[PDB]
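**Q** For reference, the file structure-v1.cif (mmCIF, C-alpha atoms and all ligand atoms) is included below:
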```cif
data_my_file
#
loop_
_atom_site.group_PDB
_atom_site.id
_atom_site.type_symbol
_atom_site.label_atom_id
_atom_site.label_comp_id
_atom_site.auth_asym_id
_atom_site.auth_seq_id
_atom_site.Cartn_x
_atom_site.Cartn_y
_atom_site.Cartn_z
ATOM 1 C CA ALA A 22 29.845 0.707 5.860
ATOM 2 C CA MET A 23 29.884 -3.083 6.227
ATOM 3 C CA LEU A 24 33.195 -4.599 7.330
ATOM 4 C CA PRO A 25 35.149 -5.813 4.251
ATOM 5 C CA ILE A 26 36.644 -9.265 3.849
ATOM 6 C CA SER A 27 40.376 -9.207 4.667
ATOM 7 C CA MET A 28 42.807 -12.125 4.253
ATOM 8 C CA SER A 29 46.333 -13.128 5.311
ATOM 9 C CA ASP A 30 48.271 -15.676 3.273
ATOM 10 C CA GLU A 31 49.175 -18.630 5.441
ATOM 11 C CA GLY A 32 51.043 -20.867 2.940
ATOM 12 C CA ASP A 33 48.554 -23.631 2.410
ATOM 13 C CA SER A 34 45.582 -21.538 3.452
ATOM 14 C CA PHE A 35 44.350 -18.079 4.227
ATOM 15 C CA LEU A 36 43.146 -16.624 7.526
ATOM 16 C CA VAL A 37 40.060 -14.710 6.566
ATOM 17 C CA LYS A 38 37.921 -12.143 8.514
ATOM 18 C CA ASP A 39 34.451 -11.022 7.348
ATOM 19 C CA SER A 40 31.618 -9.248 9.110
ATOM 20 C CA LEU A 41 30.441 -12.505 10.793
ATOM 21 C CA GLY A 42 33.768 -13.837 11.918
ATOM 22 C CA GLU A 43 37.088 -15.412 11.221
ATOM 23 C CA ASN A 44 37.964 -18.667 9.415
ATOM 24 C CA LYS A 45 40.969 -20.551 8.150
ATOM 25 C CA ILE A 46 40.251 -21.472 4.514
ATOM 26 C CA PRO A 47 42.454 -23.828 2.385
ATOM 27 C CA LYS A 48 43.980 -22.534 -0.779
ATOM 28 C CA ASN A 49 42.204 -23.879 -3.833
ATOM 29 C CA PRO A 50 39.294 -25.346 -1.846
ATOM 30 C CA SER A 51 38.074 -28.423 -3.764
ATOM 31 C CA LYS A 52 34.645 -28.933 -2.205
ATOM 32 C CA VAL A 53 32.603 -25.687 -1.843
ATOM 33 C CA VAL A 54 28.935 -25.551 -0.918
ATOM 34 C CA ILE A 55 27.556 -22.283 -2.358
ATOM 35 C CA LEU A 56 24.360 -20.786 -0.987
ATOM 36 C CA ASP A 57 24.596 -17.369 -2.738
ATOM 37 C CA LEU A 58 23.568 -17.798 -6.382
ATOM 38 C CA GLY A 59 25.657 -14.810 -7.460
ATOM 39 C CA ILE A 60 28.778 -16.386 -6.156
ATOM 40 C CA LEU A 61 27.769 -19.580 -7.986
ATOM 41 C CA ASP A 62 27.972 -17.595 -11.234
ATOM 42 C CA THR A 63 31.322 -16.177 -10.299
ATOM 43 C CA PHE A 64 32.606 -19.774 -9.850
ATOM 44 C CA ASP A 65 31.415 -20.495 -13.391
ATOM 45 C CA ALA A 66 32.932 -17.330 -14.709
ATOM 46 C CA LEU A 67 36.309 -18.290 -13.254
ATOM 47 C CA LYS A 68 35.978 -21.912 -14.561
ATOM 48 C CA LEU A 69 35.703 -23.372 -11.075
ATOM 49 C CA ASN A 70 32.686 -25.606 -11.670
ATOM 50 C CA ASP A 71 34.416 -28.735 -10.474
ATOM 51 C CA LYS A 72 35.120 -27.068 -7.109
ATOM 52 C CA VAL A 73 31.398 -26.862 -6.404
ATOM 53 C CA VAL A 74 30.028 -29.753 -4.382
ATOM 54 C CA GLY A 75 26.533 -28.619 -3.403
ATOM 55 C CA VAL A 76 23.982 -25.913 -4.521
ATOM 56 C CA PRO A 77 20.475 -24.776 -3.349
ATOM 57 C CA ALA A 78 18.709 -26.606 -6.159
ATOM 58 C CA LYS A 79 15.203 -25.563 -4.933
ATOM 59 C CA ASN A 80 16.138 -22.060 -6.160
ATOM 60 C CA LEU A 81 18.541 -22.863 -8.974
ATOM 61 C CA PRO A 82 18.068 -20.267 -11.732
ATOM 62 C CA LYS A 83 17.496 -21.115 -15.352
ATOM 63 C CA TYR A 84 20.737 -19.242 -16.211
ATOM 64 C CA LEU A 85 22.697 -21.598 -13.890
ATOM 65 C CA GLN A 86 21.331 -24.862 -15.248
ATOM 66 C CA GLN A 87 24.836 -26.211 -15.811
ATOM 67 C CA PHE A 88 24.686 -26.888 -12.036
ATOM 68 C CA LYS A 89 21.618 -29.098 -12.282
ATOM 69 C CA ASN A 90 23.629 -32.306 -11.553
ATOM 70 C CA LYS A 91 25.175 -31.067 -8.307
ATOM 71 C CA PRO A 92 23.807 -32.373 -5.087
ATOM 72 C CA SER A 93 21.175 -30.162 -3.514
ATOM 73 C CA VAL A 94 21.543 -28.479 -0.177
ATOM 74 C CA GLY A 95 17.919 -27.324 -0.260
ATOM 75 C CA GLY A 96 16.895 -23.792 -0.929
ATOM 76 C CA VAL A 97 18.209 -20.404 -0.011
ATOM 77 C CA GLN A 98 15.543 -20.004 2.742
ATOM 78 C CA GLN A 99 15.267 -23.729 3.573
ATOM 79 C CA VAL A 100 18.800 -25.006 4.084
ATOM 80 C CA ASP A 101 19.343 -28.759 4.331
ATOM 81 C CA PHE A 102 21.981 -28.962 7.100
ATOM 82 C CA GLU A 103 22.243 -32.773 6.956
ATOM 83 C CA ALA A 104 22.958 -32.712 3.218
ATOM 84 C CA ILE A 105 25.698 -30.077 3.724
ATOM 85 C CA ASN A 106 27.421 -32.223 6.340
ATOM 86 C CA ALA A 107 27.306 -35.259 4.049
ATOM 87 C CA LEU A 108 29.119 -33.504 1.155
ATOM 88 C CA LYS A 109 32.136 -32.867 3.508
ATOM 89 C CA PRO A 110 32.792 -29.455 2.206
ATOM 90 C CA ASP A 111 36.065 -27.583 2.649
ATOM 91 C CA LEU A 112 34.184 -24.248 2.528
ATOM 92 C CA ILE A 113 30.550 -22.980 2.722
ATOM 93 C CA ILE A 114 29.807 -19.568 1.119
ATOM 94 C CA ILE A 115 26.693 -17.704 2.425
ATOM 95 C CA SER A 116 25.101 -14.241 2.220
ATOM 96 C CA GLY A 117 22.413 -12.381 4.099
ATOM 97 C CA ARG A 118 19.701 -14.973 3.675
ATOM 98 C CA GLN A 119 21.716 -17.425 5.814
ATOM 99 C CA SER A 120 23.465 -15.149 8.319
ATOM 100 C CA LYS A 121 20.991 -16.356 11.028
ATOM 101 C CA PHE A 122 22.424 -19.905 10.668
ATOM 102 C CA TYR A 123 26.064 -18.800 10.711
ATOM 103 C CA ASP A 124 27.091 -20.718 13.875
ATOM 104 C CA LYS A 125 25.410 -23.926 12.795
ATOM 105 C CA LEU A 126 27.058 -23.783 9.418
ATOM 106 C CA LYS A 127 30.394 -22.958 10.894
ATOM 107 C CA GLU A 128 30.247 -26.131 13.087
ATOM 108 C CA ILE A 129 30.229 -28.004 9.794
ATOM 109 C CA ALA A 130 32.958 -26.195 7.843
ATOM 110 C CA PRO A 131 34.663 -22.779 7.395
ATOM 111 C CA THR A 132 31.887 -20.361 6.455
ATOM 112 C CA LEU A 133 32.606 -17.249 4.378
ATOM 113 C CA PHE A 134 30.093 -14.407 4.375
ATOM 114 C CA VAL A 135 29.745 -12.574 1.019
ATOM 115 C CA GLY A 136 26.804 -10.181 1.693
ATOM 116 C CA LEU A 137 26.461 -7.147 -0.440
ATOM 117 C CA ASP A 138 26.446 -3.681 1.190
ATOM 118 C CA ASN A 139 23.399 -1.811 -0.075
ATOM 119 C CA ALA A 140 25.115 1.446 0.776
ATOM 120 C CA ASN A 141 28.311 0.543 -1.056
ATOM 121 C CA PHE A 142 27.394 -1.868 -3.810
ATOM 122 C CA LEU A 143 30.366 -1.746 -6.044
ATOM 123 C CA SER A 144 32.935 -1.646 -3.283
ATOM 124 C CA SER A 145 31.429 -4.757 -1.641
ATOM 125 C CA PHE A 146 30.912 -6.488 -4.991
ATOM 126 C CA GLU A 147 34.589 -6.136 -5.905
ATOM 127 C CA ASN A 148 35.729 -7.232 -2.435
ATOM 128 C CA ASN A 149 33.560 -10.394 -2.705
ATOM 129 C CA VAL A 150 34.818 -11.342 -6.152
ATOM 130 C CA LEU A 151 38.445 -10.575 -5.361
ATOM 131 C CA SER A 152 38.302 -12.482 -2.081
ATOM 132 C CA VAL A 153 36.976 -15.599 -3.765
ATOM 133 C CA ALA A 154 39.491 -15.158 -6.609
ATOM 134 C CA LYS A 155 42.354 -14.850 -4.110
ATOM 135 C CA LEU A 156 41.513 -18.277 -2.743
ATOM 136 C CA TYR A 157 42.246 -19.692 -6.158
ATOM 137 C CA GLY A 158 45.060 -17.434 -7.371
ATOM 138 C CA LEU A 159 42.771 -15.896 -9.930
ATOM 139 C CA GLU A 160 42.966 -12.137 -9.052
ATOM 140 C CA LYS A 161 44.184 -11.282 -12.581
ATOM 141 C CA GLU A 162 41.307 -13.023 -14.421
ATOM 142 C CA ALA A 163 38.879 -11.501 -11.849
ATOM 143 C CA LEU A 164 40.248 -7.939 -12.130
ATOM 144 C CA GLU A 165 39.834 -8.115 -15.942
ATOM 145 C CA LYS A 166 36.251 -9.235 -15.611
ATOM 146 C CA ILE A 167 35.598 -6.365 -13.102
ATOM 147 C CA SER A 168 37.142 -3.843 -15.441
ATOM 148 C CA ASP A 169 34.824 -5.144 -18.252
ATOM 149 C CA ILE A 170 31.792 -4.656 -15.956
ATOM 150 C CA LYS A 171 32.911 -1.086 -15.006
ATOM 151 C CA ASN A 172 33.226 -0.272 -18.672
ATOM 152 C CA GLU A 173 29.612 -1.510 -19.186
ATOM 153 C CA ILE A 174 28.536 0.730 -16.316
ATOM 154 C CA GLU A 175 30.068 3.783 -17.960
ATOM 155 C CA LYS A 176 28.397 2.972 -21.270
ATOM 156 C CA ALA A 177 25.025 2.549 -19.563
ATOM 157 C CA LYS A 178 25.390 5.794 -17.588
ATOM 158 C CA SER A 179 26.120 7.839 -20.659
ATOM 159 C CA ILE A 180 22.658 6.929 -22.183
ATOM 160 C CA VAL A 181 20.567 7.741 -19.176
ATOM 161 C CA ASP A 182 18.074 10.591 -19.513
ATOM 162 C CA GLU A 183 18.576 13.103 -16.704
ATOM 163 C CA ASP A 184 14.960 14.299 -16.993
ATOM 164 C CA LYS A 185 13.275 10.847 -16.431
ATOM 165 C CA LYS A 186 12.409 9.276 -13.041
ATOM 166 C CA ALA A 187 11.946 5.620 -12.126
ATOM 167 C CA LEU A 188 10.159 3.536 -9.529
ATOM 168 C CA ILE A 189 11.300 0.037 -8.510
ATOM 169 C CA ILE A 190 8.598 -2.388 -7.321
ATOM 170 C CA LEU A 191 8.351 -5.923 -6.110
ATOM 171 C CA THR A 192 5.136 -7.898 -6.637
ATOM 172 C CA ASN A 193 4.183 -10.667 -4.343
ATOM 173 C CA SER A 194 0.848 -12.406 -4.474
ATOM 174 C CA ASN A 195 -1.437 -9.480 -5.128
ATOM 175 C CA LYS A 196 0.713 -7.045 -3.021
ATOM 176 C CA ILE A 197 3.185 -4.414 -4.271
ATOM 177 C CA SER A 198 6.263 -3.138 -2.453
ATOM 178 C CA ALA A 199 8.557 -0.245 -3.286
ATOM 179 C CA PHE A 200 12.318 0.081 -3.304
ATOM 180 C CA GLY A 201 14.562 3.079 -3.848
ATOM 181 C CA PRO A 202 18.173 4.250 -3.531
ATOM 182 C CA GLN A 203 20.411 2.232 -1.209
ATOM 183 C CA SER A 204 18.023 -0.830 -1.357
ATOM 184 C CA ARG A 205 18.697 -4.385 -2.614
ATOM 185 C CA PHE A 206 17.880 -3.158 -6.096
ATOM 186 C CA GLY A 207 19.486 0.265 -5.683
ATOM 187 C CA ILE A 208 22.132 -0.154 -8.500
ATOM 188 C CA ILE A 209 19.467 1.226 -10.819
ATOM 189 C CA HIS A 210 19.691 4.594 -8.984
ATOM 190 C CA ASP A 211 23.076 4.377 -7.178
ATOM 191 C CA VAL A 212 25.328 2.899 -9.864
ATOM 192 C CA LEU A 213 23.573 3.573 -13.197
ATOM 193 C CA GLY A 214 22.325 7.014 -12.110
ATOM 194 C CA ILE A 215 18.645 6.718 -13.117
ATOM 195 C CA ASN A 216 16.819 9.241 -10.988
ATOM 196 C CA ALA A 217 14.290 8.081 -8.353
ATOM 197 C CA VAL A 218 10.713 9.286 -8.554
ATOM 198 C CA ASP A 219 10.653 9.004 -4.769
ATOM 199 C CA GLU A 220 13.975 9.500 -2.967
ATOM 200 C CA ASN A 221 12.482 8.991 0.534
ATOM 201 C CA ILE A 222 11.386 5.335 0.294
ATOM 202 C CA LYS A 223 12.586 3.797 3.539
ATOM 203 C CA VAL A 224 14.961 0.778 2.894
ATOM 204 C CA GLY A 225 13.675 -2.670 3.960
ATOM 205 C CA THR A 226 14.493 -6.230 2.904
ATOM 206 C CA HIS A 227 11.129 -6.810 1.207
ATOM 207 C CA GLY A 228 10.303 -3.238 0.540
ATOM 208 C CA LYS A 229 7.627 -0.892 1.745
ATOM 209 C CA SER A 230 4.002 -1.516 1.018
ATOM 210 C CA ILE A 231 2.330 0.600 -1.698
ATOM 211 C CA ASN A 232 -0.620 0.366 -4.104
ATOM 212 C CA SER A 233 -1.452 1.396 -7.647
ATOM 213 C CA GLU A 234 -2.757 4.837 -6.394
ATOM 214 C CA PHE A 235 0.737 5.527 -5.161
ATOM 215 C CA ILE A 236 2.152 4.540 -8.537
ATOM 216 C CA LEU A 237 -0.303 6.814 -10.368
ATOM 217 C CA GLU A 238 0.296 9.751 -8.043
ATOM 218 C CA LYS A 239 4.058 9.464 -8.519
ATOM 219 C CA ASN A 240 3.653 9.020 -12.269
ATOM 220 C CA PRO A 241 7.050 7.666 -13.018
ATOM 221 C CA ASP A 242 8.526 7.540 -16.429
ATOM 222 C CA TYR A 243 9.914 3.986 -15.870
ATOM 223 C CA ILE A 244 8.633 1.251 -13.576
ATOM 224 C CA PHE A 245 11.164 -1.546 -12.960
ATOM 225 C CA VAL A 246 9.360 -4.611 -11.728
ATOM 226 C CA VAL A 247 10.715 -7.560 -9.812
ATOM 227 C CA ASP A 248 8.225 -10.480 -9.677
ATOM 228 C CA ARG A 249 8.745 -12.413 -6.542
ATOM 229 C CA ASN A 250 5.794 -14.656 -7.508
ATOM 230 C CA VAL A 251 8.101 -16.366 -10.024
ATOM 231 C CA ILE A 252 10.590 -17.157 -7.264
ATOM 232 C CA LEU A 253 8.018 -18.425 -4.803
ATOM 233 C CA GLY A 254 6.127 -20.577 -7.395
ATOM 234 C CA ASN A 255 2.854 -18.611 -7.004
ATOM 235 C CA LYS A 256 0.257 -18.486 -9.731
ATOM 236 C CA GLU A 257 -0.072 -14.704 -9.718
ATOM 237 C CA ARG A 258 2.105 -12.630 -12.035
ATOM 238 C CA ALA A 259 3.117 -8.990 -12.028
ATOM 239 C CA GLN A 260 1.624 -8.461 -15.509
ATOM 240 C CA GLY A 261 -1.784 -9.184 -14.121
ATOM 241 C CA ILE A 262 -1.415 -7.024 -10.988
ATOM 242 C CA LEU A 263 -0.175 -4.030 -12.956
ATOM 243 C CA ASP A 264 -2.652 -4.281 -15.788
ATOM 244 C CA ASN A 265 -5.195 -2.031 -14.124
ATOM 245 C CA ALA A 266 -6.670 1.267 -15.134
ATOM 246 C CA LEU A 267 -4.646 3.412 -12.761
ATOM 247 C CA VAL A 268 -1.260 2.056 -13.760
ATOM 248 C CA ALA A 269 -2.274 2.284 -17.469
ATOM 249 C CA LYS A 270 -2.527 6.057 -17.033
ATOM 250 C CA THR A 271 1.128 6.433 -16.116
ATOM 251 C CA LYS A 272 3.787 7.696 -18.442
ATOM 252 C CA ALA A 273 5.616 4.462 -17.915
ATOM 253 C CA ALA A 274 2.617 2.397 -19.030
ATOM 254 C CA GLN A 275 2.048 4.774 -21.952
ATOM 255 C CA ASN A 276 5.674 4.560 -23.254
ATOM 256 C CA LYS A 277 5.927 0.795 -22.734
ATOM 257 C CA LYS A 278 8.470 1.399 -19.937
ATOM 258 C CA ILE A 279 7.020 -1.014 -17.448
ATOM 259 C CA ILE A 280 10.077 -3.239 -17.438
ATOM 260 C CA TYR A 281 9.854 -6.736 -16.043
ATOM 261 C CA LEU A 282 13.260 -7.509 -14.706
ATOM 262 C CA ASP A 283 14.301 -11.129 -14.461
ATOM 263 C CA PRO A 284 13.832 -11.929 -10.766
ATOM 264 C CA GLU A 285 16.268 -14.817 -10.780
ATOM 265 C CA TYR A 286 18.987 -12.270 -11.308
ATOM 266 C CA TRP A 287 17.579 -9.299 -9.352
ATOM 267 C CA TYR A 288 15.933 -11.045 -6.380
ATOM 268 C CA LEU A 289 17.931 -14.296 -6.002
ATOM 269 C CA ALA A 290 21.454 -13.484 -7.255
ATOM 270 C CA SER A 291 21.062 -9.849 -6.215
ATOM 271 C CA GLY A 292 23.899 -9.002 -8.648
ATOM 272 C CA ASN A 293 26.439 -10.685 -6.453
ATOM 273 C CA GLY A 294 28.060 -12.467 -9.416
ATOM 274 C CA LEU A 295 30.369 -11.704 -12.342
ATOM 275 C CA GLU A 296 27.825 -12.993 -14.841
ATOM 276 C CA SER A 297 24.742 -11.840 -13.167
ATOM 277 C CA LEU A 298 25.875 -8.261 -12.642
ATOM 278 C CA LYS A 299 26.980 -7.756 -16.281
ATOM 279 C CA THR A 300 23.748 -9.232 -17.560
ATOM 280 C CA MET A 301 21.746 -7.019 -15.206
ATOM 281 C CA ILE A 302 23.536 -3.871 -16.306
ATOM 282 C CA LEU A 303 22.792 -4.706 -19.976
ATOM 283 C CA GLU A 304 19.168 -5.415 -19.139
ATOM 284 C CA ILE A 305 18.776 -1.856 -17.666
ATOM 285 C CA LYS A 306 20.698 -0.259 -20.494
ATOM 286 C CA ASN A 307 18.621 -2.029 -23.172
ATOM 287 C CA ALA A 308 15.372 -1.012 -21.364
ATOM 288 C CA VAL A 309 16.104 2.680 -21.229
ATOM 289 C CA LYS A 310 18.369 3.452 -24.278
HETATM 290 O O1 LIG B 1 15.950 -13.459 6.137
HETATM 291 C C1 LIG B 1 15.399 -13.486 5.020
HETATM 292 N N1 LIG B 1 14.209 -14.116 4.822
HETATM 293 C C2 LIG B 1 13.438 -14.826 5.859
HETATM 294 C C3 LIG B 1 12.123 -15.409 5.330
HETATM 295 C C4 LIG B 1 11.115 -14.475 4.755
HETATM 296 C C5 LIG B 1 9.770 -15.122 4.457
HETATM 297 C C6 LIG B 1 9.708 -16.272 3.494
HETATM 298 N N2 LIG B 1 10.365 -15.994 2.231
HETATM 299 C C7 LIG B 1 10.490 -16.963 1.295
HETATM 300 O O2 LIG B 1 9.861 -18.024 1.405
HETATM 301 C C8 LIG B 1 11.557 -16.764 0.268
HETATM 302 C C9 LIG B 1 11.933 -17.784 -0.567
HETATM 303 C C10 LIG B 1 12.994 -17.702 -1.410
HETATM 304 C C11 LIG B 1 13.704 -16.539 -1.491
HETATM 305 C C12 LIG B 1 13.396 -15.514 -0.593
HETATM 306 O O3 LIG B 1 14.142 -14.398 -0.640
HETATM 307 C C13 LIG B 1 12.271 -15.531 0.169
HETATM 308 O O4 LIG B 1 12.005 -14.443 0.961
HETATM 309 C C14 LIG B 1 15.950 -12.744 3.834
HETATM 310 C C15 LIG B 1 17.146 -12.022 3.964
HETATM 311 C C16 LIG B 1 17.627 -11.339 2.884
HETATM 312 C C17 LIG B 1 16.999 -11.309 1.665
HETATM 313 C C18 LIG B 1 15.761 -11.887 1.544
HETATM 314 O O5 LIG B 1 15.058 -11.835 0.405
HETATM 315 C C19 LIG B 1 15.279 -12.685 2.601
HETATM 316 O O6 LIG B 1 14.080 -13.293 2.326
HETATM 317 FE FE FE B 2 13.262 -12.848 0.487
#
```
Take the structure from the file and write it as structure tokens.

**A**
Amino acid sequence: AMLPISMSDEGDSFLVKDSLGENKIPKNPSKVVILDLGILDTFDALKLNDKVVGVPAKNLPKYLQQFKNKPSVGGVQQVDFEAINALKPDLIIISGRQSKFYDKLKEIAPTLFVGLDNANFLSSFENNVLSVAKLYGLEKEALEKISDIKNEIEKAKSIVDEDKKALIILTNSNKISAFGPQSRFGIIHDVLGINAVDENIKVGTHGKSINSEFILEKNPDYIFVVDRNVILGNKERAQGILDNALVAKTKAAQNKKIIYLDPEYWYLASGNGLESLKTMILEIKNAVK
């Protein structure tokens, strides 16, 4: 399991260790650059909008449009290091997309890593939210919002059909990639308990390459689709790629259970937010109930 965030109260600050290192972070930091879009939604959920100084506006989701008048620090995969420096942040919050630039960011300001653990989603999710909340004295508000999400999980689980199997795919340009348990989208199988049509899909960041013959041979009952074209600004769309004669023969296609999941939540936020995760849970529940 990934190392959790642990914190010591230092009066005016906390001394914080995460899997990438140690930082001293001020209490109530007033100028936070946020590069994980999930955590951006947690800031909103805890009414901390004014504490945000900079966001990756290249990849700012439609659901986070209230942050459209914050200064941009570029995109999640194209960080603007000069902009970050100019906003004089007290804290920079990053996840796995920026771990390779940890040292460079940390020369600028204290840099907190909030990656999710694909093997331990909920544990890491709670530790991320509670760590952030602790910085602001908001553990009570945060714990209530977690409890609400856990209650939504239970409700969702109780409607799942034990005799149906799902496949999770990512579409990119014309190409299709598969994801299963313990992947970046694994909450479908690991948290909500929908069975996997293929339990031996090897975990990788951008999935494992497949084609529509694979999808037909598996014949899943549900296909959950994540359209990375939307995120990249490509012209292609998953609807077009999957509207072929082999996919049409699946049970999923037949029962109108090809479900196009919003990739701003699933691919960008990755459920690493109080708002995003609740919305995502409801989107699965409403697709399969
Ligand atoms: O290290 C990563 N990517 C390196 C670049 C991959 C190749 C270029 N991709 C893009 O242009 C792109 C743009 C926006 C969001 C993304 O996630 C993208 O992959 C990475 C890490 C975790 C999650 C991801 O998803 C990542 O990518
Ligand atoms: Fe990516």

**Q** Please, what distance in Å, to one decimal, runs between CA of residue 301 in chain A and CA of residue 209 in chain A?

**A**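 A separation of 9.6 Å between them.
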
**Q** Assuming the chain letters and numbering stay as they are in my file, what does the PyMOL selection byres (((not hetatm)) within 9 of (chain B and resi 2)) actually select? List them as JSON, numbers by chain.

**A** {"A": [98, 118, 226, 227, 249, 288, 289]}

**Q** List, as a list in words, every residue that the PyMOL selection byres (((chain A and resi 28) around 8) and not hetatm) selects in the file provided.

**A**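 On this input, the PyMOL selection byres (((chain A and resi 28) around 8) and not hetatm) captures residues 26, 27, 29, 30, 35, 36, 37, 38 and 152 of chain A.
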
**Q** Of the candidates A:80, A:144, A:216, A:49, which shows the shortest atom-to-atom distance to residue 284 in chain A, using all atoms listed in the file?

**A**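 That would be A:80, the residue with the smallest distance to residue 284 in chain A.
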
**Q** Dump the neighbourhood of ligand LIG 1 (chain B) as number ranges by chain: all residues within 12 Å, distances computed on all atoms listed in the file.

**A** A: 56-58, 77-82, 95-100, 115-122, 136-139, 191, 193, 204-206, 225-228, 247-255, 284-291

**Q** With the PyMOL selection byres (((chain A and resi 143) around 10) and not hetatm) as the selection, what would be picked from this file? Answer as a PyMOL selection string, please.

**A** chain A and resi 137-142+144-149+167+171+208+211-212+293

**Q** Restricting it to C-alpha atoms, dump the selection as a PDB file, in the frame of the given file.

**A**
```pdb
ATOM      1  CA  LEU A 137      26.461  -7.147  -0.440  1.00  0.00           C
ATOM      2  CA  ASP A 138      26.446  -3.681   1.190  1.00  0.00           C
ATOM      3  CA  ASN A 139      23.399  -1.811  -0.075  1.00  0.00           C
ATOM      4  CA  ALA A 140      25.115   1.446   0.776  1.00  0.00           C
ATOM      5  CA  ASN A 141      28.311   0.543  -1.056  1.00  0.00           C
ATOM      6  CA  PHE A 142      27.394  -1.868  -3.810  1.00  0.00           C
ATOM      7  CA  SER A 144      32.935  -1.646  -3.283  1.00  0.00           C
ATOM      8  CA  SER A 145      31.429  -4.757  -1.641  1.00  0.00           C
ATOM      9  CA  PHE A 146      30.912  -6.488  -4.991  1.00  0.00           C
ATOM     10  CA  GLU A 147      34.589  -6.136  -5.905  1.00  0.00           C
ATOM     11  CA  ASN A 148      35.729  -7.232  -2.435  1.00  0.00           C
ATOM     12  CA  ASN A 149      33.560 -10.394  -2.705  1.00  0.00           C
ATOM     13  CA  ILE A 167      35.598  -6.365 -13.102  1.00  0.00           C
ATOM     14  CA  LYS A 171      32.911  -1.086 -15.006  1.00  0.00           C
ATOM     15  CA  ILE A 208      22.132  -0.154  -8.500  1.00  0.00           C
ATOM     16  CA  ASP A 211      23.076   4.377  -7.178  1.00  0.00           C
ATOM     17  CA  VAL A 212      25.328   2.899  -9.864  1.00  0.00           C
ATOM     18  CA  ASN A 293      26.439 -10.685  -6.453  1.00  0.00           C
TER      19      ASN A 293
END
```

**Q** Determine, counting only C-alpha atoms, which protein, DNA and RNA residues have an atom within 12 Å of an atom of residue 161 in chain A; residues of the same chain fewer than 6 positions away are not included. Present the result as a VMD selection string.

**A** chain A and resid 67 150 to 151 154 to 155 167 to 168

**Q** Within 12 Å of residue 309 in chain A, counting all atoms listed in the file, which residues show up once you throw out same-chain ones fewer than 6 positions away? Write them as an mmCIF file with C-alpha atoms, in the frame of the given file, please.

**A**
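Once everything was written out, this is selection_6.cif:
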```cif
data_model
loop_
_atom_site.group_PDB
_atom_site.id
_atom_site.type_symbol
_atom_site.label_atom_id
_atom_site.label_comp_id
_atom_site.auth_asym_id
_atom_site.auth_seq_id
_atom_site.Cartn_x
_atom_site.Cartn_y
_atom_site.Cartn_z
ATOM 1 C CA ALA A 177 25.025 2.549 -19.563
ATOM 2 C CA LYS A 178 25.390 5.794 -17.588
ATOM 3 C CA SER A 179 26.120 7.839 -20.659
ATOM 4 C CA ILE A 180 22.658 6.929 -22.183
ATOM 5 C CA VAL A 181 20.567 7.741 -19.176
ATOM 6 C CA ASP A 182 18.074 10.591 -19.513
ATOM 7 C CA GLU A 183 18.576 13.103 -16.704
ATOM 8 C CA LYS A 185 13.275 10.847 -16.431
ATOM 9 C CA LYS A 186 12.409 9.276 -13.041
ATOM 10 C CA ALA A 187 11.946 5.620 -12.126
ATOM 11 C CA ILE A 209 19.467 1.226 -10.819
ATOM 12 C CA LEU A 213 23.573 3.573 -13.197
ATOM 13 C CA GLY A 214 22.325 7.014 -12.110
ATOM 14 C CA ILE A 215 18.645 6.718 -13.117
ATOM 15 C CA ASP A 242 8.526 7.540 -16.429
ATOM 16 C CA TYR A 243 9.914 3.986 -15.870
ATOM 17 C CA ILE A 244 8.633 1.251 -13.576
ATOM 18 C CA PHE A 245 11.164 -1.546 -12.960
ATOM 19 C CA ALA A 273 5.616 4.462 -17.915
ATOM 20 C CA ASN A 276 5.674 4.560 -23.254
ATOM 21 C CA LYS A 277 5.927 0.795 -22.734
ATOM 22 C CA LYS A 278 8.470 1.399 -19.937
ATOM 23 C CA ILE A 279 7.020 -1.014 -17.448
ATOM 24 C CA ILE A 280 10.077 -3.239 -17.438
ATOM 25 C CA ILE A 302 23.536 -3.871 -16.306
ATOM 26 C CA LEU A 303 22.792 -4.706 -19.976
#
```

**Q** Between A:132, A:93, A:63, A:192, single out the one closest to residue 295 in chain A, counting all atoms listed in the file.

**A**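 Using all atoms listed in the file, residue 295 in chain A sits closest to A:63.
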
**Q** Using all atoms listed in the file, which residue out of A:156, A:107, A:23, A:94 lies closest to residue 72 in chain A?

**A**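 Using all atoms listed in the file, residue 72 in chain A sits closest to A:156.
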
**Q** Quick one: pull the distance between CA of residue 272 in chain A and CA of residue 240 in chain A, Å, one decimal.

**A**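 Value for the CA of residue 272 in chain A-CA of residue 240 in chain A distance: 6.3 Å.
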
**Q** Hey, can you check how far CA of residue 170 in chain A sits from CA of residue 297 in chain A?

**A**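 Taking CA of residue 170 in chain A as the start and CA of residue 297 in chain A as the end point, the length is 10.4 Å.
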
**Q** Between A:41, A:299, A:200, A:108, single out the one closest to residue 231 in chain A, counting all atoms listed in the file.

**A**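 Of all the options, A:200 lies closest to residue 231 in chain A.
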
**Q** From the list A:306, A:60, A:68, A:262, which residue is nearest residue 159 in chain A when using only C-alpha atoms?

**A**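 Ranked by minimum distance to residue 159 in chain A, first place goes to A:68.
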
**Q** Which of these residues is nearest to residue 163 in chain A, using all atoms listed in the file: A:65, A:304, A:257, A:43?

**A**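 Using all atoms listed in the file, residue 163 in chain A sits closest to A:65.
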
**Q** Env of residue 269 in chain A: 9 Å cut, atoms = all atoms listed in the file, seq-sep filter 6 positions within chain, self excluded. Answer as a list in words.

**A**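 Final neighbour list, sorted by chain and number: residues 237, 263 and 275 of chain A.
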
**Q** Output the selection as a tab-separated table (two decimals), keeping the file's coordinate frame - C-alpha atoms for each residue.

**A**
```
chain	number	residue	atom	x	y	z
A	237	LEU	CA	-0.30	6.81	-10.37
A	263	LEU	CA	-0.18	-4.03	-12.96
A	275	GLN	CA	2.05	4.77	-21.95
```
